[PDB]
Structure formats: C-alpha cells, structure tokens
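To start, the structure itself, in structure tokens.
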There are 2 protein chains.
Amino acid sequence: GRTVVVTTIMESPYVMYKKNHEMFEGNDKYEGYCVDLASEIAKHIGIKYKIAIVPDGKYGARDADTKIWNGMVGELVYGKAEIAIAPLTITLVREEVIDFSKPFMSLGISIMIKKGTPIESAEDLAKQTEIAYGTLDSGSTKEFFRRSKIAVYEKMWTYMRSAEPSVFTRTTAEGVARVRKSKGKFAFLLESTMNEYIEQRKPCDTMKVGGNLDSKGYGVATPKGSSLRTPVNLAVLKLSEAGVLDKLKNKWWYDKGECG
Amino acid sequence: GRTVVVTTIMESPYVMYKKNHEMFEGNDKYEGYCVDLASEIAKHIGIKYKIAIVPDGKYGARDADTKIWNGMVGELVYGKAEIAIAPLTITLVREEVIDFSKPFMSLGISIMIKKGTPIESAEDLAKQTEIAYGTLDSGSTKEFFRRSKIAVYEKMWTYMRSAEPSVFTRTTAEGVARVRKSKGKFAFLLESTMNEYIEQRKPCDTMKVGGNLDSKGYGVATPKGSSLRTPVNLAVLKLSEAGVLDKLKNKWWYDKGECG
Ligand SMILES: N[C@@H](CCC(=O)O)C(=O)O
Ligand SMILES: N[C@@H](CCC(=O)O)C(=O)O
C-alpha cells in the first residue's frame with residue numbers, strides 16, 4: 001500500500017466491537033466514532049490502513065522511573081504505529097514527544113454520579129468523606145489532578161493518591177461499573193464526552209453533574225517527522241468545516257439515545 | 001534582543017483602549033484578554049514585543065481576483081508582523097498560509113438578538129423575512145455561510161449575500177449597535193465568545209439564543225517558517241493546563257458582569 005498502522009483503544013462509543021464481531025475480519029470487526037473518523041481521514045489523505053488496538057489498553061503516560069511511554073503514545077514514540085485515531089487528549093507533555101492535529105472534539109473533565117447521589121460539584125466532593133471518588137490510570141485526567149494548584153483540586157488529589165482501597169481504575173468501563181454498583185458511594189472523574197454518552201445508555205442510572213473543570217480537545221496524533229502530519233491536520237479541519245464531525249457525534253451519542 | 005511585532009485588532013474584550021489611553025505610550029494604551037495573553041506568552045518564550053493594531057481593521061480574507069490576503073492574516077503572510085495574538089479563528093484556508101497554536105479558546109457561531117425578538121434558532125431566522133440578519137465582513141463567520149452545504153445555512157447565505165441595505169458590517173461593534181437600534185428587526189451572527197461578553201454589559205438589552213452552529217477555536221498565529229511556532233504552541237498549552245486561560249476569561253467576561 002503501504003498499509004498504515006493506526007493505534008486506537010477500545011472505548012465506547014469511539015471504538016467498539018460489532019455484534020458478532022468474531023465473524024468479521026480486520027477493520028470490519030469494529031464500529032464507532034473513531035472507526036468512522038479513521039475511514040474519513042483515510043479517504044481524504046489517500047491511505048490504506050489497519051486498526052491495531054493498543055496492546056496494554058492505556059492512553060499514554062511516561063513512567064517516572066524508566067521515563068518509558070506506555071499506551072497509544074508509546075506506540076507512536078517507539079515506532080509501532082503511524083497514527084493514533086482515538087479520544088486522545090492534546091496535552092503539553094505529549095506535544096513534547098508526538099504531534100497532534102487541531103482538535104476534532106472539544107471537552108472537559110466532569111463528574112459522574114449514580115442518580116440521587118448528593119453531589120453537584122467538585123467542591124461538594126472535596127468537602128466530604130462518605131462518597132469515594134477516583135479516575136482513570138495512565139491518562140490526562142489523573143495528570144490534571146496531580147499537577148493542579150487550584151485548592152479544591154489539590155485537596156482531591158491529596159485524597160485520591162492515598163485512598164484505600166484504590167480509587168483508580170484501569171479502564172473507563174471499570175470506573176462506570178463501580179459508580180453503578182456502589183449505591184451512591186463512588187463518583188468518577190472522566191471526560192464530558194464519555195460521561196454524556198453513558199448518560200444516554202440503559203440502565204440510565206448515571207448522570208453528569210456540575211460544570212466541566214477544564215476546556216481542551218482530542219487530536220489525531222502522529223510521530224514526530226511523519227509525512228502524514230499536514231495531510232491529517234488539513235483533513236480534520238476539512239471534516240470540521242463540512243459538518244462531518246458534528247454529524248458523527250450525533251450519530252454515536254444522541255440519535256439513538258435511550259434515556260429520553 | 002529584538003522587539004517582536006504583534007498584530008492584533010480592536011475587539012472587546014480582547015483589545016480595548018484604556019480610559020484616557022491618549023496619555024499612555026505604545027502597549028500601555030491597551031487592555032484586555034489578548035493584551036494579558038500577549039504578556040503571558042512573551043514572558044514564557046522570553047521576547048520583547050510591540051502591539052501593532054492591524055491597519056485595515058480586518059481579521060483576514062483572500063481576494064479571489066488578486067489573491068492578496070488582508071487583515072491580520074495578511075500582516076503575517078507579507079512579513080509585517082511576527083505573531084497575531086487576537087480572537088483569530090483556526091480555519092483550513094488560513095492553515096494553508098500561516099501556522100496556528102492549539103486553541104486558547106473554544107467557541108462557535110451564535111445568534112445575537114434584541115431581548116424579546118421571537119427567534120430561538122437558525123431555522124427560525126431562515127423561515128421568515130420580517131427580521132433581517134447579518135454578520136461581520138472579512139471573517140470566518142461570513143465564510144461559514146458562503147461555504148455551507150447545509151440547507152438552513154444555504155438559505156441564510158442566499159438571503160444575506162443579496163440583502164440591501166448590506167447586512168455585512170465592518171466591525172462587530174457596528175453589528176451590535178444595529179441589533180440594539182432596530183427594535184428586534186435585526187439579528188446578528190457572531191461568535192459565542194463575543195456574544196457572551198456583550199450579554200454581560202449594560203444596557204443588557206441583547207442575548208444569545210439557541211445552540212452554537214459549529215465548534216472551533218482561536219489560536220495564536222505565526223508566519224510559516226517562524227522560530228516562534230513551537231515556543232508559542234507550548235506556551236499556550238502551559239497556560240491552558242495551569243488554569244490561567246480560565247482565569248483570564250473570568251476576569252474579562254464574568255467577574256465584573258453587569259447584567260445579573
Ligand atoms: N482522553 C484521556 C483519557 C481519559 C481520561 O484521562 O479521563 C487521555 O487521552 O489520556
Ligand atoms: N474570529 C473571526 C472574526 C469574527 C467573525 O467572523 O465572526 C475570524 O477570525 O475571522
């Protein structure tokens with residue numbers, strides 16, 4: 001082709017297995033927002049591609065000891081993949097080692113509760129101890145709390161980093177399941193995009209509360225020096241300006257929403 | 001050691017004259033969100049700078065016949081400024097001729113009405129002729145309507161492009177004044193950021209209605225090949241992650257809002 005290796009992550013509704021995925025081959029085993037975005041970008045830039053789910057299941061963080069990058073970021077840094085098409089947050093530490101397109105989606109950190117939990121804000125979580133709260137490992141939300149100098153978020157970090165049993169989860173699905181099973185005694189910090197999707201799905205027992213804690217974006221990532229950098233950036237901007245990104249968000253979040 | 005020329009535009013609350021500006025020299029004549037942002041970026045990247053208000057008062061568009069770029073985009077393209085620090089929208093046609101940082105603000109096109117105007121959406125505007133509407137000349141909003149292939153926006157463009165008297169204004173302030181004087185018979189299409197600011201200012205007679213028409217961002221722009229490109233991008237990401245951009249938006253929009 002060449003057949004370009006695209007790293008991504010299993011995260012609803014971005015990349016999901018189709019019903020009866022075991023009868024399909026290759027790229028056709030998957031569906032979701034990023035599966036459609038990959039198809040659109042590949043058409044615009046004129047590449048053949050193969051979806052490769054990140055082996056360790058992580059977004060990407062650098063180890064304090066070894067300074068080795070894991071997740072999708074690592075797949076790009078170490079030359080295993082040529083492009084990451086996923087809900088991968090544009091951050092300073094990642095921009096130092098990979099390139100990102102302009103954002104294809106705008107978002108912020110948010111709070112997920114089980115319906116009826118007496119929490120409306122981050123300040124509400126920080127000033128109490130009955131309701132535990134946590135976030136995803138190896139991603140931008142955990143780094144946000146680790147680095148914040150805003151007093152409320154500092155207090156939240158000081159609690160989460162030492163909480164027993166652990167409040168951190170290896171996947172978003174694990175955090176959502178923990179909210180649903182914990183009878184109102186666990187809240188989960190996650191991006192507004194994920195939170196809004198889950199709120200639209202049965203059993204319709206969770207909701208997003210309060211405003212977003214920050215304002216940022218997801219971008220399509222390429223390794224430094226890639227000839228795909230500019231074609232990818234221009235493709236994302238063309239798709240944005242043609243309304244395709246809005247159409248795809250509606251397709252995967254709202255058009256078949258299940259919770260009224 | 002050089003004093004870097006920064007192009008910007010008079011647009012509230014991004015760049016405004018201080019009270020009694022005439023008794024100040026150079027950069028000290030101005031205040032606003034972008035004045036503060038310029039100071040922050042200059043400190044991070046270690047440059048001296050001089051604010052130069054764009055002589056033609058335009059954001060930037062390309063002439064179809066002469067192929068010449070005007071506005072702030074032109075100042076960068078033709079080597080008259082080294083940075084643009086302004087509410088300059090990241091678009092495909094601009095990305096082809098200049099570079100942009102990752103976004104420092106997220107926004108979309110929105111509708112401004114005189115309070116009481118029976119309009120809640122773009123669809124409402126397009127299906128009637130009793131209320132006129134327009135937008136700024138030489139910017140991204142006008143280009144949005146010109147280029148749209150979505151039915152409602154096509155209808156709106158077809159009306160606006162032939163309307164007489166002209167519904168395109170030279171400045172945002174002109175458009176706002178036209179809304180305020182027209183007894184509900186003129187509405188204005190402008191970015192949500194500028195709409196939200198005006199709604200917080202006396203005489204508190206305008207408001208934003210409906211959702212935004214699109215989702216995009218403002219970036220700090222540099223000419224292609226600039227040694228400032230990476231320093232600027234990293235500074236914006238640092239200011240974002242540190243919460244400084246949020247503090248600046250609150251300072252200039254909400255902290256002293258006048259309309260409840
Ligand atoms: N989008 C995040 C993952 C989710 C999260 O950290 O909440 C990242 O790129 O790391
Ligand atoms: N931010 C716009 C100007 C305002 C508008 O077009 O509404 C631009 O960069 O062109």
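Just follow the structure's listing: the first ligand is 1, and inside any ligand the first atom is 1. Every chain is numbered from 1, with letters handed out A, B, ... down the list of sequences. Just so you know, these numbers use all the heavy atoms, side chains as well, and skip hydrogens, waters and symmetry mates.
Between B:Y17 and B:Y30, the ring-plane angle classifies as parallel under the 30° and 60° cut-offs. Using a 30° and 60° split on the angle between ring planes, A:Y197 and A:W253 fall in the perpendicular class, above 60°.
Considering backbone and side-chain atoms together, B:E191 places an N or O closer than 3.5 Å to an N or O of ligand 2. Checked against a 3.5 angstrom limit, the closest N/O atoms of A:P87 and ligand 1 fall inside it. Checking only distances, A:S138 never comes within under 3.5 Å of ligand 1, N or O to N or O. The shortest N/O to N/O separation between B:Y218 and ligand 2 does not fall below 3.5 Å. The shortest N or O to N or O distance between B:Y59 and ligand 2 is not under 3.5 Å.
Heavy-atom proximity to A:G139, at under 4.0 Å, picks out these atoms of ligand 1: 6 (O), 10 (O). Which parts of ligand 1 touch A:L88 is read off a 4.0 Å heavy-atom cut-off, strictly below it: atoms 9 (O).
Scanning all protein heavy atoms for the shortest distance to atom 7 (O) of ligand 1 gives A:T141 OG1, 2.6 Å.
Nearest to atom 10 (O) of ligand 1 by heavy-atom distance, out of A:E143, A:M105, A:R94, A:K142, is A:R94.
With respect to the salt-bridge test (charged N to carboxylate O, under 4.0 angstrom), the residues A:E174 and A:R170 do not qualify. Between B:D137 and B:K142 there is a salt bridge, since at least one side-chain N of the basic residue sits less than 4.0 Å from a carboxylate O of the acidic one. Taking a cutoff of 4.0 Å between a charged side-chain nitrogen and a carboxylate oxygen, B:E143 and B:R94 do not qualify as a salt bridge. Salt-bridge formation is not detected for the pair A:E96/A:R62: no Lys NZ or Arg NE/NH1/NH2 atom is positioned less than 4.0 Å from an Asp or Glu carboxylate oxygen.
Using a 4.0 Å cut-off between heavy atoms, A:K216 makes no contact with ligand 1 at all. At a 4.0 Å heavy-atom cut-off, ligand 2 touches B:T89 through backbone and side chain alike. Under 4.0 angstrom from ligand 1, the non-hydrogen atoms of A:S140 come from both its backbone and its side chain.
Contacts of B:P223 classified as side-chain contact (heavy atoms from CB on, under 4.5 Å), with partners at least two apart in sequence or in another chain: B:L76, B:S226.
Side chains of B:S140 and B:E191: a donor on one and an acceptor on the other come within 3.5 Å.
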